C-alpha cells in the first residue's frame, strides 16, 4: 500500500527538483549569453565590456529591476503558492527571450533585460523557495540546494562560451527562439507535473539580525564576481595579451571547483549540521584570498585557478548559507520560504546592480588591483562577521 504512494510522491518531488533546476540552468544561460550579444548591435566570444554607462545601465537593468520587484514579489510568493509565481517568472522569461530574438535596438534590448529582471525575481526566488519547501529535512535541503546551485553554476559558467560559439555560428534568431521553446517546454512540463500560513512581511526579516547577516554575506560574496565580471574581460589584454579563444573560456574551468565546493559543503553539512557558519566564513575567506590573488596572477593558468577558487568560495557561501537561511526562517520565523530568498536575491541584486554601472568607472579611476584588494579587504574583514551564527543549533 503506502510504499507505492510514498515512492510516487518522492518521484514527483524529484521531477519538480529536476524541472526547477533545469529552469534555473536555462535561465542563467539566458542571463549570461545575452551579455556577449548586447554590445554587438548598439552602435569564441567573451561576455563583457568595460565602457559606455548607457550600455552598463542596460546590463544592470536586470539586477536593478529585480531589486525593485522582489521586495514586492517576496510577499507575493508568500501569499500565493510557489508554482504560480514560478510560472509567472517563466512566462515573462519566455516573453523576454523572444523579445531578445525579436529586435535589435537599444530600447527593446533594455526592455528584454528588464523582463529578465522581473523573471529573475519571480522565477529564481520561486524556484529556490520551492526547492527549500519540498525538502523540509535538513540533509536533503542542503543536498537539493546543492543540486540547485550546481545547475545555476552550470548555466552561469559553462553556458556563456557555448552560447558565444552559437552566436558566432548560428546567430541570435534561431538560438534564442529554440531556447525560449525549451523554456516554454520546461514551464509546460512543470504545469503537467506540479498542477498549480500567513507569512512574515519583508520588513520583519531585516529586523532579524541572523537573516540580516546572511544577507550581508550574500552581498559581500557576490560582490567580487559582481565587480570582476565586467572587468577581467578588459584586464586580459592589458595584462598578458590573452587570445580571444582564451578570453571567455576563463570561467569555463571554474565550474568544476564550484561543483566540488558544492559537494564538499553538502558533505560537511550532512556530517556537521549545525556548523554551516564555519563553511560560510571559510568560503568568504577563500573569496578574499582569490580576490587578493587575482592581480598577482599575470599568467592565464593562475588566473583560471584564482577564478575557480572564486567560484569555489561563492559555492561554499551559497550552499552553506541558503540552507542556513531557510532553516533560520524555519526555526525563528514562520515556515514560508518566499520572502527570505527574496532577501537572498536582494543581496544578489544589489551586487549585480552596483557592478556593471560603476565597476568599470572605479577601475578606470583607481585601478584594478586597488578594486581587487578592496573587495579582498571586505571579505577578509567580513569572514569573522559570520561568527554570529554559531548559536543556530541553540
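Between two forms, the rigid core is the largest collection of C-alphas that superpose within 1.5 Å. Positions refer to the first chain, counted from 1.
Comparing 217-225 with 163-171 by root mean square Cα distance to the shown form in 5 other deposited structures of this protein, with the rigid core used for the fit, gives 163-171 as the more displaced stretch. Across the other compared structures of the same protein with both neighbouring residues present, residue 45 lacks coordinates in at least a third. Missing coordinates between residue 43 and residue 44 amount to 10 or more residues of the deposited sequence. The entry shows a gap from residue 196 to residue 197, with 10 or more unmodelled residues of the deposited sequence in between.
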